Amino acid sequence: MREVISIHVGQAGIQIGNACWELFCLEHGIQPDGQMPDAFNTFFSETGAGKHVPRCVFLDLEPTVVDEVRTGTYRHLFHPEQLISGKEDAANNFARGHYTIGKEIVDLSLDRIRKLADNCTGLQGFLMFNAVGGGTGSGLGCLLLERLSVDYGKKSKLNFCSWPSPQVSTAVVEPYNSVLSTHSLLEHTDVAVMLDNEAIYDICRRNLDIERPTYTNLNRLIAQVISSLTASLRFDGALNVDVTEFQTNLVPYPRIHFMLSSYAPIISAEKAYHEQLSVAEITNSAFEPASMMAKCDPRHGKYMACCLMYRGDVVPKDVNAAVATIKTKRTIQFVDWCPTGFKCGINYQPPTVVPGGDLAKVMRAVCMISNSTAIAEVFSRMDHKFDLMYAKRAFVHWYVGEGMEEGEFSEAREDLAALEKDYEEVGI
Amino acid sequence: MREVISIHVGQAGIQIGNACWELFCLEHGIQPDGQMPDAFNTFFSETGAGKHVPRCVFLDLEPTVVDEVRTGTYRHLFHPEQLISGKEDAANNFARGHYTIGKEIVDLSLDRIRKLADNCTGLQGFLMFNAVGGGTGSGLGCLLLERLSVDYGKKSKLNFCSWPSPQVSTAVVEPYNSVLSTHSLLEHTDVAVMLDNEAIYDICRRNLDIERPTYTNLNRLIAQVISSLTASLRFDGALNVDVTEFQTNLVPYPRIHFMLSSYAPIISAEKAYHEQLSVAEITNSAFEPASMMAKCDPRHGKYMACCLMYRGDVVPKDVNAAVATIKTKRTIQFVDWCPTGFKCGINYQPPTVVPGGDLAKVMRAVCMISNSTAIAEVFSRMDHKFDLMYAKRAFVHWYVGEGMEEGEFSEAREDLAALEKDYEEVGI
Amino acid sequence: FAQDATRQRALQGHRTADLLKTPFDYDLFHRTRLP
Amino acid sequence: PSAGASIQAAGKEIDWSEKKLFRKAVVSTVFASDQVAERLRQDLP
Amino acid sequence: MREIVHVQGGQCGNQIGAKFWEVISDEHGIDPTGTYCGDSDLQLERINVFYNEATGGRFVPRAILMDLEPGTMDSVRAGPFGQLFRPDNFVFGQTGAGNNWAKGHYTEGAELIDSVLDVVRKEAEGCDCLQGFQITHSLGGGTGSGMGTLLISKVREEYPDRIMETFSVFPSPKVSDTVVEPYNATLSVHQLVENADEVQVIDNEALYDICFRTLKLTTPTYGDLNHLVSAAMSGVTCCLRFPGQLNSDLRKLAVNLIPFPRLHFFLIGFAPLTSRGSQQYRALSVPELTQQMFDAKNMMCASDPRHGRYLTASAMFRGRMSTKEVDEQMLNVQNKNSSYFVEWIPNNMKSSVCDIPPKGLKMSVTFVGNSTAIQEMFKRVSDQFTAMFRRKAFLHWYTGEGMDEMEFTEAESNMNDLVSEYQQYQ
Amino acid sequence: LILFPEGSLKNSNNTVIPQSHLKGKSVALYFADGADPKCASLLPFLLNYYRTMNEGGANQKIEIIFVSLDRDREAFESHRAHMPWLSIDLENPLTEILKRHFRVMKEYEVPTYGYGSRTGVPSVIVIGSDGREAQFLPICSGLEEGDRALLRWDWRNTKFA
Ligand SMILES: Nc1nc2c(ncn2[C@@H]2O[C@H](COP(=O)(O)OP(=O)(O)OP(=O)(O)O)[C@@H](O)[C@H]2O)c(=O)[nH]1
Ligand SMILES: Nc1nc2c(ncn2[C@@H]2O[C@H](COP(=O)(O)OP(=O)(O)OP(=O)(O)O)[C@@H](O)[C@H]2O)c(=O)[nH]1
Ligand SMILES: Nc1nc2c(ncn2[C@@H]2O[C@H](COP(=O)(O)OP(=O)(O)O)[C@@H](O)[C@H]2O)c(=O)[nH]1
Ligand SMILES: [Mg+2]
Ligand SMILES: [Mg+2]
């Protein structure tokens, strides 16, 4: 009937979904052994009597984190065959993750894909969870998408890429990985959700006011923003939005599908005692530059199209009032080629929380999803980052020694340059 | 509906505002946390399950006056990041607080102003609070008035400035700060009234028979002035008076928008024993020059407009009888172009005492605010005090070092002498 | 799911069923024909 | 996962009732006629 | 013989007719199990018009429900009065229409239209003949306006002379969900004009305005709005189900409203409407009710009637009232609003009386007025569409799925033609 | 179940209270040592936290039960005098029951039992009705947010119900 297959590659992908599938089983009330003490069928298959098996696949080339999930808490709900261990890491190389050592894992992973999709009809989408900076996150991350566009060419490959910060990148050959995988990710994905490390670091400092986050605290927020995206899939709402609809109302040209997200409220228990979580203010609190997931200022950008879906007991009347409030605002200057720019998704399910995490509860959670012309700056800093390192061909002998010949570095320059100019010619 | 946002800058406005909200919380019957066991809507907002929060922001550039409140008894009253604090004190510098250190906090100070303004439509305006004695109240205070004026155009900005006492001002660089803090305060605030400290001091000797109280005992008297000023809009009355009425009935010309204040009776548990407190005699005790709380003596000046707010079991015929004897009173001289010069307002409740304070249970009270020609003398002596500083450039290197050049002081001299000439021509 | 009575009656439109009804002495049908 | 027993934060209930055009206002002595009401009508000593 | 077969297209139609079958069930005295109740012989003597006998004394509605998503039609089955419909009347979709007029109409909708025309023709031909159809749908949604308009197009050549009477939810101007509005609204009107006999215009934000000001509520849900419009939608067809002094069926409403065969968009109103605090001090009489009719605060469409010269009008009262109190006041509207009713058509307005009122009412009415004032509605759909079209985006899917340039320009020129005769007959 | 016996709770003014006394109050256990330098830096902040939030309160909101890590009767009473709230006597069986129950001991591990972690001094464990850890206030943890983690107390959803 209704199902979605989630794919995770890289260490960022495995631990992001380690928080996503924790939050999913927390929603349905199932004990994380697989036993429950019809709406869960989009994320879980039924195997026997009361046993729930996830629709996830775990992929990397380095086995120190797939075996950590295997020996970890979720040993029995996660059946031991969904996880795949590699031989050796791609080691921050697109060429290693795609050409040399990726061939021994892509054959097993695709044999999993068509034997997990042939179980029932009505396959709906894929949730690809990849890190663009990582070598196996972009290497095996790339290699899975053209092979997924060959067999399932008439389906949706939705993506979640953690773009690097301008200052925080935690790798030296990281901008080499980003430039050379985005062009090959471009015409093989159809929806791209770009997040950032330092952006959510700023969020955790400001409104959830921890001085001290870590990667798992990153993973609570991203698991929440994916769950709000999939809220109308699993459960019931007034205006339900499905996977085939996120692209219906955001991507005007096939080239422009890169896109930001945010979430509101992101608060603590002491931060919910004292203020409105009203509909008229959450939309305002999700539109400032201090709230999105990419630290990309849209004040010199131009908003283009946005889904604003809700979850909880919320009525579309004060939703409609909040929409007119945004349109009458002068600072959020929308484009002139569409006076209409909104979708208001809505769902009745109360916002779930993890007991233990600092994200306190509320009866209204709002994920802002937005396509904008502000992407020109976040890719332009990415372009001059490459041009300074490519001045005297730095770090290129690793890639050409792996078998990736000198010369397909170079069209990745003007392909991202052609993408960069696309933002100017749509905003004129 | 009816809304007002009390904004405070400088630490003088911090524990003046602390006495303001301890009087407002006690008057409305709400708890130090906020749970009480539409009427409260103008100062508190309904935020929680029977729980309310103040509509105020506390803006100071140094921590020891803000964080000690955040660790005090009212820590669950305020939304905890409405109490925004800087890193380093401006230290009696307009130049630092307006040009080089103000921008580090005013970007987030405005950011919280338009949460509170967006929460409801129908603001009358903002209750501005500052003292022009110091550097944060002058510098960061003045910068706040240009940006509030350009963002919000036709909203009332009703400022309570603690004007320095004439003969002493517990500072040395004081004549430099205020004469150019009132430079831009002329064209950015709307309804401003002088509050001299030493006038609150010597009414405490004569009326309350109290000889060694502290700043907070002044703040009890100031907070009663706050409550009586806006209880006509808060609670129902025979002749209700709004904030847009205070523009109407006070200011003759847009430049001359400075007034005075008086609050009578101010009696202890000795004088409330033996005195009757009818309206016909407390109005005489409110118009007397000794009860003036700015040390501006009206005897050598001409009254232009006068407003009165009454709280208690007042009958309007006693308002008419009291103002009739004032018109026949020959030393209280009213200007020849204003034959009718009175606004009156009626409220039903008596003033609420702070337990353990220096006020007594009084049935009826008066809050008087008057625009008078005589108030040019507190700027005439201030003009003379700045002249013997600026004669051979005292303390000029402190202010030229962080943002202004030599010439803004004389440019502040020009419109303050223009103020003196405007006051002289209207008092003819 | 917020299954409380006031919310579920609100989604079920019972409020308009209450206040489009006329709350007075309404049903007037007498047979004027006499034998 | 059994730590779900919790009263929900951010306490608004969505006002399903009629909006309050008229809040309870204390009508008292000055907006209370009497006096001349029985002086224009002489209700007898 | 006088049969109406209901069609509820998409998530719009299923829930807007869920409230209609709710308010017509208890008006006809029917419990949610299906069998008959309701202590009045009026409602049984004409019960076939919306119901069929299920050989057990049980009445089942004559409704066929469109959708490509089983989510919201599972919810109406769980809800009350949802088990009334026989299970063979529903049709299941699995792919899901993506609020795309191309997706609903052409490519995967053709695999369900063969599976739903075979059930609507069995429902229609079970009687000797039928008076017409009613179809409920939106124009901002693709599962409601893809199968909605295509079912209209093929029933035209199937049954060439029986009426189609569609209640259309239009894109609201100020608020805008489902941002591809004009590619659906403009590309559905351009076949509604030549293949539908009656179209009734309902706006979402106008329903918002009339319940927040006039009906005076703070924040009800969407389900309270559906009860407002389905009450008037029941009052339109009161003559087909109940007797009256002045009989007027749906084709009687047809001939008396449409002067020229191509413009058939109508305004729909309901009266009386008032709040809980405003029930007991108000008058209930035909004088005040006909005055409550004729204002923007009653209109369910957000087109200002004062900007439009009324072409024709109609009012079907319900209850027991005198005819002269109807028509002297109905004339009194004409001579008081001298400039507001078009001069070359004398006596622009017509009345009709149902002898029964709706339950809990005494004198109710529905106002079907073919006013010309929908220049503003049709011209800003076309202003939004011409901002959408001079640039070629949100349209490369339509070209890739199988259209070309000429059919968008056909719909834009046709919708420019919708505006064109409105002012030059005004 | 009955977590504490009849004569175990022990407050100021030297009197015992039973277990039903904690009905409707946020209940927390204070694993702390008298001479520990963490506890010297943290106890004044718990004293102010206990001060303002329930004194400015409508009902009793907070109880803290000191459970001691000390070494002497005289050292126990000396730390007792500087502290008003509830507590547990050191040499009852109760201290070493909630010690292994809540994983709060002081590197004396192998000479007693062969388990792993210790999560020792200092700690406050706000708890539920059935002896369950309700949420951790991170003074010395992976967060190591000492002297400030008291603001992370979730007092509305943790009741001894
Ligand atoms: N948003 C987010 N990003 C992460 C997280 N963990 C790692 N990353 C990003 O991943 C990038 C590098 O990839 P890694 O996750 O370290 O490793 P990988 O994806 O397995 O690829 P390899 O480096 O070849 O091992 C870094 O630049 C990080 O920004 C995470 O938990 N959340
Ligand atoms: N009425 C009143 N005046 C006060 C109070 N506290 C300080 N002042 C006055 O404020 C003047 C100096 O300004 P301060 O508030 O002390 O300092 P500031 O304006 O905040 O500037 P910074 O110290 O740099 O932060 C003095 O002359 C005092 O008379 C108070 O509580 N009430
Ligand atoms: N009937 C109905 N209309 C809606 C709803 N939400 C929005 N609308 C209005 O209808 C348009 C969207 O079409 P909709 O009926 O929701 O999509 P559909 O499910 O494909 O038919 C928008 O212009 C809204 O103004 C809804 O839940 N039901
Ligand atoms: Mg690994
Ligand atoms: Mg200071």
# chains A, B, ... in the order shown; residues from 1 in each chain; ligands from 1

$ closest_atom_pairs --of "chain C" --to "chain A" --cutoff "9 Å" --atoms "only C-alpha atoms" --output "tab-separated table"
residue	atom	partner	partner_atom	distance
C:1	CA	A:349	CA	5.7
C:2	CA	A:313	CA	7.0
C:7	CA	A:313	CA	8.8

$ write_last_selection --atoms "N, CA, C and O atoms" --output "tab-separated table (two decimals), in the first residue's frame"
chain	number	residue	atom	x	y	z
C	1	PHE	N	-4.45	12.86	20.01
C	1	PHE	CA	-5.38	13.21	18.94
C	1	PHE	C	-6.30	14.35	19.37
C	1	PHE	O	-7.03	14.90	18.54
C	2	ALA	N	-6.24	14.70	20.66
C	2	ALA	CA	-7.10	15.69	21.29
C	2	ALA	C	-8.58	15.35	21.08
C	2	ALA	O	-9.33	16.08	20.43
C	7	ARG	N	-13.59	19.79	21.21
C	7	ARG	CA	-12.87	19.78	19.94
C	7	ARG	C	-13.57	18.91	18.91
C	7	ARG	O	-13.72	19.32	17.75

$ interface_residues --of "chain D" --to "chain C" --cutoff "12 Å" --atoms "only C-alpha atoms" --output "compact mmCIF listing (two decimals) with N, CA, C and O atoms, in the first residue's frame"
# COMPACT_ATOMS: atom_id res chain seq x y z
N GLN D 8 0.63 19.02 29.01
CA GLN D 8 1.21 19.58 27.80
C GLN D 8 1.62 21.03 28.00
O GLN D 8 0.86 21.83 28.56
N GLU D 13 -5.63 26.74 24.43
CA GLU D 13 -6.66 25.73 24.24
C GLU D 13 -7.47 25.91 22.96
O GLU D 13 -8.33 25.07 22.69
N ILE D 14 -7.19 26.96 22.18
CA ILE D 14 -7.95 27.39 21.00
C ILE D 14 -9.38 27.72 21.40
O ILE D 14 -10.18 26.83 21.68
N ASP D 15 -9.71 29.01 21.41
CA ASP D 15 -10.99 29.48 21.94
C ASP D 15 -12.12 29.08 20.99
O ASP D 15 -12.33 29.72 19.96
N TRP D 16 -12.83 28.01 21.34
CA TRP D 16 -13.99 27.57 20.57
C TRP D 16 -15.25 28.35 20.92
O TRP D 16 -16.23 28.26 20.18
N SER D 17 -15.25 29.09 22.02
CA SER D 17 -16.47 29.74 22.49
C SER D 17 -16.66 31.08 21.79
O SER D 17 -15.88 31.48 20.92
N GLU D 18 -17.73 31.77 22.17
CA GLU D 18 -18.00 33.10 21.65
C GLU D 18 -16.95 34.09 22.17
O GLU D 18 -16.55 34.05 23.33

$ calpha_fit_rmsd --fixed "chain A" --moving "chain B"
0.8 Å

$ residues_around --residues "region 134-143 of chain E" --least-positions-apart "6" --cutoff "8 Å" --atoms "only C-alpha atoms" --output "count of residues only"
39

$ residues_near_ligand --ligand "ligand 5" --cutoff "9 Å" --atoms "only C-alpha atoms and all ligand atoms" --output "PyMOL selection string"
chain B and resi 10-12+60-65+88-92+134-137

$ write_last_selection --atoms "C-alpha atoms" --output "compact mmCIF listing (two decimals), in the first residue's frame"
# COMPACT_ATOMS: atom_id res chain seq x y z
CA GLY B 10 19.85 51.80 31.91
CA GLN B 11 19.91 50.31 35.38
CA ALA B 12 17.84 53.19 36.74
CA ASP B 60 21.21 47.07 30.09
CA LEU B 61 24.77 46.83 28.79
CA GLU B 62 26.28 45.25 31.91
CA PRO B 63 25.33 42.05 33.72
CA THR B 64 25.25 42.78 37.48
CA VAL B 65 21.85 44.51 37.40
CA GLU B 88 30.62 45.56 29.15
CA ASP B 89 29.16 48.68 30.76
CA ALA B 90 29.09 51.85 28.68
CA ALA B 91 30.54 53.66 31.75
CA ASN B 92 28.99 57.14 31.45
CA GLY B 134 24.56 57.56 32.87
CA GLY B 135 25.90 56.14 29.63
CA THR B 136 23.55 53.27 28.83
CA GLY B 137 20.45 55.33 29.60

$ residues_around --residues "residue 297 (chain E)" --least-positions-apart "4" --cutoff "12 Å" --atoms "only C-alpha atoms" --output "PyMOL selection string"
chain E and resi 205-216+269-271+273-274+291-293+301-306

$ interface_residues --of "chain F" --to "chain D" --cutoff "9 Å" --atoms "only C-alpha atoms" --output "JSON, numbers by chain"
{"F": [134, 156, 157, 158]}

$ closest_atom_pairs --of "chain E" --to "chain A" --cutoff "8 Å" --atoms "only C-alpha atoms" --output "tab-separated table"
residue	atom	partner	partner_atom	distance
E:71	CA	A:236	CA	7.3
E:94	CA	A:122	CA	6.6
E:95	CA	A:122	CA	7.0
E:98	CA	A:245	CA	5.7
E:99	CA	A:245	CA	7.8
E:100	CA	A:248	CA	7.8
E:174	CA	A:324	CA	6.9
E:175	CA	A:320	CA	5.8
E:176	CA	A:342	CA	6.2
E:177	CA	A:343	CA	4.2
E:178	CA	A:343	CA	4.8
E:179	CA	A:342	CA	5.6
E:180	CA	A:249	CA	6.6
E:208	CA	A:317	CA	7.8
E:219	CA	A:317	CA	6.6
E:220	CA	A:315	CA	7.7
E:221	CA	A:315	CA	6.0
E:222	CA	A:316	CA	7.7
E:384	CA	A:339	CA	7.2
E:387	CA	A:337	CA	5.9
E:388	CA	A:337	CA	6.6
E:391	CA	A:337	CA	8.0
E:393	CA	A:252	CA	5.0
E:394	CA	A:252	CA	4.6
E:395	CA	A:252	CA	7.6
E:396	CA	A:253	CA	7.1

$ closest_residue --among "A:375, A:231, A:266, A:346" --to "ligand 3" --atoms "only C-alpha atoms and all ligand atoms"
A:346

$ closest_residue --among "A:331, A:18, A:85, A:41" --to "ligand 4" --atoms "only C-alpha atoms and all ligand atoms"
A:85
